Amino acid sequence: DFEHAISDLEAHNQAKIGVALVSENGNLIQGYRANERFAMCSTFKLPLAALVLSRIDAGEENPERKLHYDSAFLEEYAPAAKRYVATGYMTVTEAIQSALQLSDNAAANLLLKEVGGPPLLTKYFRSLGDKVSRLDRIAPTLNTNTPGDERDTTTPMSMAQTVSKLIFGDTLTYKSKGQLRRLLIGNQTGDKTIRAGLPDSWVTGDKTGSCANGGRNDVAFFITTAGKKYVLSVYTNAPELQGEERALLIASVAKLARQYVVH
């Protein structure tokens, strides 16, 4: 069965793994430690982009608005923000794309400043029905992945359910939904994680996260050849593996999920 298989992977790897596979309507199909708390890491940027798109939907935000910043706003990992900084801004669109596809921390932090900070992202989660996910810090200190710390955390089911509502439910307009989906499909950081375990005929979009204390996470949506729609969340702590082995670990979880996914 599915839960014993993940348990076996936990054993070989001396790792903690949380996984949730959820349907188009948010029902848990298979899970393992699906209700345990893990650090979100950069997976929070997916809901953050969704909040900004929701503000665009409501007319409260303009995709072309200039978000002004200077050198002091940059982060150690902020490859797009470093490129744009001499111009004095990134547009909302450029910040969304950079935060999602590159995981640019400064792009994310510009978006957080615009939505009213970690507390307003937490409120957005609550407004979707997610009872668990919470942001408290800005990037990157939210990556600390400390034991027993509940700041900046979700559960595999919460996040997968949240993402199924965004990607497949009615939270976003058709335009925003389609943009979020296409942005996530063009994610540049996830080729070795969940996608690597899924057949290349399936449409897949994802957002990864890498944290301290061996933290490596991915959440993906996919659409099968039959047209069946799913979200898979994989949250892992594997402080003994090397980075490439942490990505292999996630891909292996995804292979098991692939197996289970059927007509």
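So that there is no doubt, residue numbering starts at 1 and follows the sequence shown.
A summary of the deposited B-factors shows that, of 104 to 112 and 189 to 197, the stretch with the larger mean C-alpha value is 189 to 197.
For the two regions 10 to 18 and 245 to 253, the entry's Cα B-factors average higher over 10 to 18. In the PDB entry, the Cα temperature factor peaks, among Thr122, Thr173, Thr144, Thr155, at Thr144. Per the deposited record, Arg151 carries the highest C-alpha B-factor of all listed residues (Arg126, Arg182, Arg151, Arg83). Annotation for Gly169: CA B-factor lies in the middle third of the chain's modelled residues.
In the deposited entry, the Cα temperature factor of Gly26 sits in the top third of values across the chain's modelled residues. When all modelled residues of the chain are sorted by CA temperature factor, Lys45 is found within the lowest third. The entry lists a Cα temperature factor for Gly227 that places it in the middle third of the chain's modelled residues.
Placement of the Cα temperature factor of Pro118 within the chain: middle third of the modelled residues, per the deposited record.
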